[PDB]
Amino acid sequence: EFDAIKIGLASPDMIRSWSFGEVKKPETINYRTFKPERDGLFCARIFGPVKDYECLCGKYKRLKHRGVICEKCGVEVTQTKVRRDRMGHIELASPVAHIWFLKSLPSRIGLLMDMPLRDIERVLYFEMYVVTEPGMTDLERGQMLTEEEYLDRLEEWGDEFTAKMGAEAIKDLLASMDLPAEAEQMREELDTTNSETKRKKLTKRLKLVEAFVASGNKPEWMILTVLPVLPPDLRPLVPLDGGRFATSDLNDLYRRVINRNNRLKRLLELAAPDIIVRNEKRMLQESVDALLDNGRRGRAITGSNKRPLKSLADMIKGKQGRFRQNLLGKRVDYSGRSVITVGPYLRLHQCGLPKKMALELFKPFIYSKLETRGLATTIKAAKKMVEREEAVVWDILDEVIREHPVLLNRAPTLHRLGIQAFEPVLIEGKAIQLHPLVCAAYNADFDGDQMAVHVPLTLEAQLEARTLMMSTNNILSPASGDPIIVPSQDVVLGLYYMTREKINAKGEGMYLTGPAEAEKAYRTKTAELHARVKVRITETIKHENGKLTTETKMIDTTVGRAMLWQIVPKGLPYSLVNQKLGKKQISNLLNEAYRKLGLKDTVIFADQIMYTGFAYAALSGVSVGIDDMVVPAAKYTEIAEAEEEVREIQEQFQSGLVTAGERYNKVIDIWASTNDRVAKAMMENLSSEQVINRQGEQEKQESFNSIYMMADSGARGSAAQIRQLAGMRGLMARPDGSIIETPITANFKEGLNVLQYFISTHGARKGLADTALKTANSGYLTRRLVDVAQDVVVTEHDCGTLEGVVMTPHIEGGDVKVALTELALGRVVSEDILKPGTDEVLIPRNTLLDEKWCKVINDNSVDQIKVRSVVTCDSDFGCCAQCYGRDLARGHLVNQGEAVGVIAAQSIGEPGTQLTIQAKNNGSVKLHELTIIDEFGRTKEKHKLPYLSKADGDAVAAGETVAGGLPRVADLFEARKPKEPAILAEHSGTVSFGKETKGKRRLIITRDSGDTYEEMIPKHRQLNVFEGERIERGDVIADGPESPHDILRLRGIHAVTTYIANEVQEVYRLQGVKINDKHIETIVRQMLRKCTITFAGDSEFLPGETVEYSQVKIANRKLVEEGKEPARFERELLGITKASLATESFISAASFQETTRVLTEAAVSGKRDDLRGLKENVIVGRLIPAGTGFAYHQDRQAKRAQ
Amino acid sequence: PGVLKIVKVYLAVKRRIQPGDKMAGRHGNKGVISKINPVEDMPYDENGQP
Amino acid sequence: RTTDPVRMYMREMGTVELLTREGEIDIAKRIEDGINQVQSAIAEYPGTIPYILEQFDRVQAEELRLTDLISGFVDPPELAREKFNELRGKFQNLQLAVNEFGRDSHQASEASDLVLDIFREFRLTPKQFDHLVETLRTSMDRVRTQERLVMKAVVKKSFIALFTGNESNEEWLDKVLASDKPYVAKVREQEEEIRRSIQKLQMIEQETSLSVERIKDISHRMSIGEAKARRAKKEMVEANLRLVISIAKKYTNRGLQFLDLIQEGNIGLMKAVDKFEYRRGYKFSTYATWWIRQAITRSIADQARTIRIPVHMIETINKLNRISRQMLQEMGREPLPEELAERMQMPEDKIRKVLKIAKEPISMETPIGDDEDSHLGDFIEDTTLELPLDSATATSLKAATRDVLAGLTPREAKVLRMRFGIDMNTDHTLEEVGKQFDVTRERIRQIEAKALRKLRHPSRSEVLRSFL
Ligand SMILES: [Mg+2]
Ligand SMILES: [Zn+2]
Ligand SMILES: [Zn+2]
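Residues numbered from 1 in each chain as written, not as in the entry; some residues may be left out. Chains lettered and ligands numbered in written order. Part of a larger assembly, values for the part shown. Heavy atoms only, no water.

This entry, as listed in the PDB, derives from cryo-EM and reports a resolution of 3.1 Å.

Draft legend 1. Fine view of the overall build of chain C. Helix and strand content of chain C: 21 helices and three strands. In summary, chain C has a C-alpha radius of gyration of 39 Å against a globular reference of 23 Å for 468 residues, an excess of more than 25%. Judged by the C-alpha coordinates and their principal axes, chain C covers about 115 × 80 × 60 Å. In chain C, buried positions account for 36% of the 468 residues. A total accessible area of about 29500 Å² is found for chain C, and carbon and sulfur atoms account for 54% of it. The average position of the 77 basic charges and that of the 78 acidic charges among the side chains of chain C differ by 3 Å. (Helix = DSSP H or I, 4+ residues; strand = E, 2+ residues; numbered from the N terminus. Rg over C-alpha atoms; globule rule 2.2 N^0.38 Å. Buried < 20%, exposed > 50% of the residue type's maximum accessible area, 1.4 Å probe, protein only. Areas by Shrake-Rupley, 256 points an atom, 1.4 Å probe, with all protein chains shown as cover. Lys, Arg positive; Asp, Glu negative; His and termini not counted. Charge placed at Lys NZ, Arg CZ, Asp CG, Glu CD.)

Draft legend 2. Layout of the coordination of the zinc ion (ligand 2). Residue and element names in this part refer to chain A. At this site the zinc ion (ligand 2) is bound by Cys55 (SG), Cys57 (SG), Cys70 (SG) and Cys73 (SG), with donor distances of 2.3 Å. Each of the four donor atoms bound to the zinc ion (ligand 2) contributes to angles spanning 94 to 120°, and the resulting shape is tetrahedral. Expressed as a motif, the donor residue spacing for the zinc ion (ligand 2) is C-x1-C-x12-C-x2-C. Judged by relative accessible area, which is 3%, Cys70 ranks as buried. (Donors = N, O, S within 2.8 Å, 3.2 Å for Na, K, Ca; no water. Tetrahedral: all angles 85-135°; square planar, octahedral: opposite > 155°, others 65-115°.)

Draft legend 3. Broad picture of the pattern of salt bridges. Applying the stated criterion to the full structure yields 84 salt bridges over all chains. A salt bridge links A:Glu399 to A:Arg402, with the nearest nitrogen and oxygen atoms 3.7 Å apart. Its relative accessible area of 37% is what places A:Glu399 among the partly exposed residues. The salt bridge involving C:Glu12 is made with C:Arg11; its shortest N-O contact spans 3.0 Å. A relative accessible area of 27% places C:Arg11 in the partly exposed class. Connected via shared salt-bridge partners are A:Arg260, A:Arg263, A:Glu280, A:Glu286, C:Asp260 and C:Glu264. (Salt bridge = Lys/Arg side-chain N within 4 Å of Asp/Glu carboxyl O.)

Draft legend 4. Quick peek at the interface of chain A and chain C. Counting residues at the interface gives 50 residues for chain A, matched by 49 residues for chain C. Our enumeration of links across chain A and chain C arrives at six salt bridges. With its nearest N and O atoms 3.1 Å apart, the salt bridge here joins A:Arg263 to C:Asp260. The interface formed by chain A and chain C holds 19 residue pairs in polar contact in total. Here the element with the most residues in the side of chain A that touches chain C is helix α9 (residues 249-270) of chain A; it accounts for ten residues. Residue composition of the side of chain A that touches chain C, grouped by class: 20 nonpolar, eleven polar and 19 charged. Two strands pair when backbone bridges link them, and strand β9 (residues 245-247) of chain A and strand β3 (residues 362-363) of chain C are joined in this way by two bridges, in the parallel orientation. Residue pairing across strands places A:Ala246 opposite C:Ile362, the latter belonging to β3(C). (Contact = heavy atoms within 4.5 Å. Polar contact = N/O pair within 3.5 Å; in protein donor to acceptor, adjacent residues only side chain to side chain. Nonpolar A, V, L, I, M, F, W, Y, C, P; charged D, E, K, R; others polar. Pairing = 2+ DSSP bridges.)

Draft legend 5. Region of the structure containing the coordination of the zinc ion (ligand 3). Residue and element names in this part refer to chain A. Summarising the metal site, the zinc ion (ligand 3) is bound by the protein donors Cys799 (SG), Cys873 (SG), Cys880 (SG) and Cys883 (SG), whose distances to it range over 2.3 Å. Geometry at the zinc ion (ligand 3) is tetrahedral, judged from its four donor atoms and the angles of 104 to 111° they form at the metal. All donor residues of the zinc ion (ligand 3) come from one chain, and their arrangement in sequence is C-x73-C-x6-C-x2-C. Residue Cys873 is found in the loop between β27 (865-867) and β28 (879-880), and its partner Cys883 is found in helix α31 (residues 881-884); the two are separated by ten residues along the sequence.

Draft legend 6. Examining helix α32 (residues 900-909) of chain A more closely. The buried fraction of α32(A) amounts to nine of the ten residues, a majority that puts the element mostly inside the structure. Listed in full, the buried residues belonging to α32(A) are A:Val900, A:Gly901, A:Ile903, A:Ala904, A:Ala905, A:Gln906, A:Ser907, A:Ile908 and A:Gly909.

Draft legend 7. Summary view of a nonpolar patch on the surface. Nonpolar side chains collect at one region of the surface, where B:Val7, B:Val9, B:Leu11 and B:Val13 lie side by side and expose about 500 Å² of accessible area between them. Mapped onto the fold, B:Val7 is located in the segment before β1 (22-24). (Patch = residues over 30% accessible without salt bridge, like charges linked within 9 Å, V, L, I, M, F, W, Y side chains within 5 Å.)

Draft legend 8. Inspection of the interface of chain B and chain A at higher detail. Facing ten residues of chain B, the contacting portion of chain A comprises ten residues. Of the roughly 670 Å² buried between chain B and chain A on both sides combined, carbon and sulfur atoms contribute 55%. Along the contact surface separating chain B from chain A lie one salt bridge. Between B:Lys30 and A:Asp447 there is a salt bridge, and its shortest N-O distance comes to 3.0 Å. On the surface where chain B and chain A come into contact, there are one residue pair in polar contact. Grouping the constituent residues of the side of chain B that touches chain A by class yields four nonpolar, four polar and two charged. (Buried area = accessible area lost by both parts, 1.4 Å probe.)

Draft legend 9. Inspection of the pairing of strand β20 (residues 698-702) of chain A at higher detail. Residues and elements named next belong to chain A. As paired strands, strand β19 (residues 688-692) and β20 are joined by five bridges and run antiparallel to one another. Among the inter-strand pairings, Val691 is bridged to a residue of β20, identified as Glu699. Remark: five residues form the turn of the hairpin made by β19 and β20, two consecutive strands paired antiparallel; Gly696 in that turn has positive phi of roughly 130°.

Draft legend 10. Up close: the sheet that holds strand β6 (residues 162-164) of chain A. Residues and elements named next belong to chain A. Strand order across the open sheet formed by three strands is β5-β4-β6, with antiparallel pairing between neighbours. Two strands in the sheet have a free side with no partner beyond their single neighbour: β5 (144-145) and β6. Relative to β6, strand β4 (residues 129-133) runs antiparallel, the two sharing three bridges. Each bridged residue has a counterpart across the sheet, and for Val131 the counterpart in β6 is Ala163.

Draft legend 11. Summary view of the packing of helix α1 (residues 5-14) of chain C against helix α11 (residues 211-248) of chain C. Residue and element names in this part refer to chain C. Between α1 and α11, whose axes approach to 9 Å, the crossing angle comes to 140°. Taken as axis vectors, α1 and α11 run oblique relative to one another. The segment α1 lies against α11, with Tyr9, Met10, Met13 and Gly14 engaging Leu241, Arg242 and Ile245. (Axes fitted to C-alpha atoms, helices over the stretch in contact; angles between N-to-C directions. Parallel < 35°, antiparallel > 145°, perpendicular 65-115°, else oblique.)

Draft legend 12. Broad picture of the sheet that holds strand β18 (residues 548-558) of chain A. All names here are of chain A. Reading across the sheet, the three strands line up as β16-β17-β18 and stay open at both edges, with mixed pairing between neighbours. At either end of the open sheet lies a strand with only one pairing partner, and these are β16 (511-512) and β18. Where β16 meets strand β17 (residues 532-542), two bridges bridge the pair, whose relative direction is parallel. When the sheet's bridge partners are listed, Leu512 is paired in β17 with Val535.

Draft legend 13. Quick peek at the nonpolar core. All names here are of chain A. Membership of the largest hydrophobic core comes to 126 residues, with the highest contact counts inside it found for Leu112, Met113, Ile170, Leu174, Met222, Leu227 and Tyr254. Filtering out sequence-adjacent residues up to four positions away, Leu112 remains in contact with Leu174, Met177, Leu179, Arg205, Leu208, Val209, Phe212, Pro219 and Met222. Counting 59 residues, the second largest nonpolar core, distinct from the first, contains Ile475, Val491, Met682 and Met709. (Core = buried A, V, L, I, M, F, W, Y, C linked by side-chain atoms within 4.5 Å.)

Draft legend 14. Layout of the environment of A:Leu375. Residue and element names in this part refer to chain A. When you line up the elements, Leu375 lands in the loop between α14 (363-372) and α15 (379-388). Its relative accessible area of 41% is what places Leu375 among the partly exposed residues. For the pair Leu375 and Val393, spaced 18 residues apart in the sequence, the C-alpha separation amounts to 9.8 Å. For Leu375, the contacting residues outside a window of four places in its chain are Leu370, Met385 and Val392.

Draft legend 15. A positive patch on the surface, seen in detail. There is a patch of like positive charges on the surface, built from A:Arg32, C:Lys350, C:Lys353 and C:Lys356. Its relative accessible area of 43% is what places C:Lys350 among the partly exposed residues.

Draft legend 16. Expanded view of the side chain of A:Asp787. All names here are of chain A. For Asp787, the position within the fold is in helix α28 (residues 754-789). Judged by relative accessible area, which is 14%, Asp787 ranks as buried. Here the side chain of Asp787 touches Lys1175 through a polar contact of 2.5 Å, side chain to side chain. When sequence neighbours within four positions are dropped, the list of residues in contact with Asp787 reads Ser1140, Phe1152 and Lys1175.

Right, dumping it as structure tokens:
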């Protein structure tokens, strides 16, 4: 129907064209008949009939008289809905300036005729005069003339000059302007001037003027003469209950405007004194400003409820505005909500739906089937049977539900696994039964959480739910690729208890033919579940090439592992089960099952793991008791010794040997070592036991305590919680952050006294308050990230570029933090990977790194590899498949046309709630910086080189010495300059000293061309350079934190990309969160969209402005093919907030935030939004250019190419 | 004003405990009932008390 | 320095000082003699006295209201007849001495002055006064248009030389014909426009044939009088703006803002200045107070409610509230609609009707709960909407009716469809169905009867039964 949305200024002719009539009087409805009166705010002639196909006077009161206007009443007989589309207008007695065009800084009326806003507003509130037509006088345009000064001017000239006052004066000043010649005045003035402030103001005003000339808008339209009036149902006046009425504040604002305009017309008729007319015009301006944007021009007008009125702007903007409350998030039909319980009998693709919800949601489908099988003759009969809850309705429901997926959602939806499609199984009760294995994806636990239920209707929606949104297809985390269906809690406890080893158990040493024999033995109460036996295991290995090699050997194991081998699918080793299985071991089982078997085997295996774990956790009888917390006998002795030593240091403070701070920092260490020793003693006592073997000897065994098993299995619990259970609670922090000297020496088993409980509450309250504020901040950060990265879609398969990013293992000292295999898993190479010390092409170009090539790259020991990145992608819009690489949630290469930016934003923002020279390796050493390389090509250690046991190439053996996370992530993503930026060397050259002028220090750099560039340096800076030394570009001048801007300016794109990537990944990795670097790279690519032109070249760009980088690529490519000289640019780094408000489309920018200035700029410049993004297509209600809707848009583009 | 008659009806409903209802102790141990188990299926002691 | 219009209006009001009472009387006499000047000016026009005295002729026969026509008499039909007949007599002297004794004769001027002096002792209705002013205003207008047209045609010094006496004479055109300047060709081409110029105004200028020289100077006295009077009333209104503010003081928080009350008080003040008489010996303050309070109260009644209530019902509501207040004070409880009826001597049913008048509507933005995110506007349902079930039922009913009508004879189906308007753009009586076929009233009536008996049979009605 439509392809774009234009925005511009509304001329009075256009406003009159929109309107169906003129509103003249402020009356709304009659107080007796409750009927619209004539020419009022609800007039039936202007806006349309109140009742469908009727009229006010009742003369034409049926459909036969459509399109016929009554002579008695003037109302066109049509539907009532036309009242939500018909507009009106008010002919203002005097022109009124637009409030947005005047106080949306910068003012576009002040900056179009070169006059300050104080002067302009002095003219609008009718305080001074301004000359329009100087004529043949000494005055010029825009001169202030005070009232008395204007009397003198009238005395000595009189009729020669016109010096008007008010909005009319602004209107005819803008009338007298000639934009072409005035822009040429800019053009000739810019070259002559030298000051930077004047030049910047001049180019701002030139940009505005050129926008006016290009858009076709006239400055005359800047000031309103005809005021449009909104349709009445958009500002309804309706009877709530029993004669009480509900209205909208727009009615009050329009009533004020109409009343004051009528008063102005009456005053003009009566030839009133000038003061009264002037005051009336002032109130007309105030009322129109309050109608358009209340609370901006002055004090907000308040209603009878002592609350400010809501204007047009206040309801097109804000969180509670139209955009974010009704156009991006909508209440929907065919929806339900209920408490969630646990269904341990369900499968991954099944969810338990109550029959009441199924009956209410699937009602039209039930009607359809009842009519098609003829049980109900018509819809009324079908409704009667459905309401009566007849027997056959349930069979019809179980036939409609049979293969119809349903979408389950939980609030908040932090990532895309928060909405999933399931096949419904109909159940009694009122609670939704959820499969346990998906709870971790929902962050859902059954203490009262509720979930929402959505029924897709069209065939395309059902196919999308079954193919993309099924829980079976969603088993890998899109953030990292790790499985998300890993078992937890009861399953892990059961599998751990089943896979444990007990010494001298019943049936030890028996020989078993296989897993079935072991099951038979345990069911017959012959061999205990933890009895060591020898079992004949048949085992199939599925090699990387597809070889299926079967083998059969006798393995020493337990009965439990033999049974668990029954559910393990063929193709996996027995070494994956022949060990005690904690959370990590089961996660590895699922990971390897997915890697070597696929998805179907993995989902069946996950289900069977869940059932086996539940069954054996039930049969185990794990119970927590009061004798399970074994408090060590060494705790009391350690407390006594700590008290004695604290008293010793207490009688040593009076000796003056120590200070108060030293006493504090020594008592803290005394107690913080007593705590560690008590914890270690408790762990040693709790994790071991002494048993009697078959021979009769006393042998040490790992303990079977309930709390120890809970902690060691990884089900739920950790060492710190045990230490607070049976050891010492420890030192605590005061509400200011200080640590109380006397710790809590009692645990929860023996209880605390009053003071200890008070101190504990001091920290509990902080934890809760910080959780709440953390949730708020993480939500805001995720929203900003989505709004910056919403336009990144994989649009091509290959951009045909040669650039890439190098990657090496991450080293932060003498140990590896993360290997190259983890970094490069799933990234397409950029250049051929040569064998170390050889010209052999081990890995060719344009290959995707799976686990097979990861094993290859680990075995052949290569350190640095070049791979493609999203930041280096050359795609004009979005990215290409090869530069992104592997889709983490699918395991294969990224498909064409999926939103990778939204995935990146969700992956980065989801873990926000969780966010708070000795030599050891043999090898050689080298200088780069300092590196220590092992025997192979891997560089094991990396250390900085300050301004020396061994020289370069000297072999070194072991032991030979040479000698607020979330605020940080937000700070990095908004590119905030640090408090004390570290100065960098702008140009390569020799340092030379200048003159220490008053205030601060100066330096100079001498370039290779003889240029002397002056550098401003604060006095407190600890300079790290010496005169006579040639420093390189980007070298550190003063030590300190580095802003991303100067890294981008003086080092490059790759440098800033790496800087942001690892300085966000350090925050994530410190907390234990795994996020792939492609997401941060995508955000960085969106953060580097802008460039400033420096050389005009043969392009039309004027140097000194910001433009999008893709536009410059297109222009430069065209100019190169034409042969004319290209354009030269500088690439700029913008924060995730500025970049979003600087998008080409104004609808997305308006929907994000800062609506007033976005709309003002768009209207003044006359922009066109081509609807080429996710958010604009969501707002307008058409298919998004991503996923299933990608190809469709492509065809439209093809239809727009021809 | 405007109303001629008001009739007020009190309805008493006996709500039984069912899956989905929230049950709790006095130590922060909340929960949602997942199943109403038959008596013969639940654990019992030596004297036979389930 | 300030952004509040109220304080700015206060500043511009404070610049005008409060003049003394002697100054107030001086302004009053300034308006009085300005009115006398404009009154005597419009007298010097040969149609004013006829119109005044044909109005007198109409009112003497009591065809028009006597009180409305005459505002009063100044003392420097008991007495009005005397003055009207005296004006009759000096008009008889005048329109006889106007031409018989010559226009330029000093006796004619003296008789005109006598008539002026006699009429001066009259104060008349403002409506007819305005009529008299604009009657001469239109004449001035078209003669100005003629001279501006001849200016546009010719573009001078010679015209100004004969602008004293020959600006409206044939002699000017004759002498223009006598000119032989190099540009007499262009004014010759403009002579055709002149022939469309000086004929146009020459049917009105002879209506007041003396005033040809004198239209311009009578308009000169017109401008003098109007400017003088408007200056005087401007000064008085600007002086008493402070009284306007003091009066508007006690009407705040009544649904209308302060500045609107001030402006309505300004309207009242201008009305009071228009009809103020200092010869009462009475201060302005009281008369101004009455008029300003009237304007403020009327505007509050007319513009302080979303659903407008007329002034009289507003007074009824105010009296309702006041008497409820008195009865609550007297008897300690809130008055009931029974007891409140007898003290106001107005029926109980109308007391209730006034009580059930809708109050000020509640905004759709009001916070429903303690939270600021829930508003009244989200809890209001669209009741005019049609349910999708009803639309499906309507479509099914149309289909079933079509299927049933398919089981009848073509003529019978046609008569049923035409007399109940199905699948057509209108409904029809049996006359139209009779005319469309070759068939009469009773025939069509009984074909419809036969159709309804056919469809009342149970065999072809089970489907339609489910639609009820
Ligand atoms: Mg919960
Ligand atoms: Zn009508
Ligand atoms: Zn690419």
